[PDB]
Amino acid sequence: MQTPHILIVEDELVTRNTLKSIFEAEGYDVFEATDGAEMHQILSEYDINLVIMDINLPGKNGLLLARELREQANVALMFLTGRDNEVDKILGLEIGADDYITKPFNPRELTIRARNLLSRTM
């Protein structure tokens, strides 16, 4: 029924372009932030159903951005990050992300996890 709105918080242009075309190929509207200030402004200004969080960002890192997000909102959240190590994965989940996916990733896996998560939260 409702058109899903996805926010990708991701500092690399090429990765954003890829994520955008993957999610548009799902019928979603894609909002883009390169950092924490752009993220907060999109979140205060537009309906957002799912946040995809990179960790290595200019300014605050994705984990802390996630922590702040979780004090305001219970919006669906998934990390998508090149931080492919057990500690960051566990922290990201502990902080309250619904999922944690490493780059490089299978795009089908990303979109099916997003879809099941959205079905559960929208």
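Numbers follow the displayed sequence, beginning with 1.
Just going by the entry, 106-114 versus 14-22 on mean CA temperature factor gives the higher value to 14-22.
Stretches 69-77 and 91-99 differ in mean C-alpha B factor, with the higher average recorded for 69-77.
Ranked within its chain, residue 43 lands in the middle third, by CA B factor from the PDB record. Split the chain's modelled residues into thirds by C-alpha temperature factor. Residue 49 is in the lowest one.
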